[PDB]
């Protein structure tokens, strides 16, 4: 498990904010998108497997990784919709072309599925793991973290995230099978070392999860993109995790009904990149070679 980032950050000003990304290599774009509470760093041991298969791009969501913080920050900031406005504008600016393979996790999957559904002609394939693929109930959510996520989705969320940094310090390591090295953990901590609003994105994200019908706008979004994913003949790569976290049980059965789909299974809970990067990397490379072939 390599500890260094895959590339050095590059920056573009988007809508009044500097956003950070990795962009290495040439050819058709392979775009990796992290979710909460991670950054492009999550992909550092996976991207090498895609060398020579395209232009490898991994963006840091607004407020996350090396991307700027929104200001003034507060409970109305970093909604799905605002994260989308910033990321979609970044992807537009980067001139990704029209043969994009998306490699998606967590909220990166909601964003990337939405983007593909809105740019169907530009997407060649989607690989996804531990993704948001359908509206949920708490029974779908890992038992071990129900209480913590209900707390985030309440007024207790502010002290949990902004004061105590619980998403970074507890949720992240609790959903990795191995133990991160201190150096790896401190790469995850970096964007969030300051108590207070720097940690807002880690709180806004759980508040957007589509659970028991709320928030309704996100439930609506997921229902729209999932209807496309059911029907589309776009090639898919489903990277299932064991035991997994958010794609388990009935949700896993549901994903397995999608057409034109390759499956792999690798060990992991939620942050599967930190347990099985070689296997994930190999599988994405085989998928992309097939799509080029």
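Numbering follows the first chain given and starts at 1.
If you average the C-alpha B-factors over 200-208 and over 144-152, the higher value belongs to 144-152.
Averaged over their C-alpha atoms, the temperature factors of 158-166 and 178-186 are higher for 178-186.
Going by the entry's values, 257 shows the largest Cα B-factor out of 33, 45, 257, 240. Within the selection 82, 76, 114, 130, the deposited Cα B-factor values reach their highest point at 76. For residue 53, the recorded CA temperature factor ranks within the highest third of the chain's modelled residues. Remark: residue 284 belongs to the lowest third of its chain, ranked by C-alpha B-factor as recorded. Among all modelled residues in its chain, residue 125 ranks in the middle third by Cα B-factor.
Placement of the Cα temperature factor of residue 15 within the chain: highest third of the modelled residues, per the deposited record.
Compared with the other modelled residues of the chain, the Cα B-factor recorded for residue 28 ranks in the highest third.
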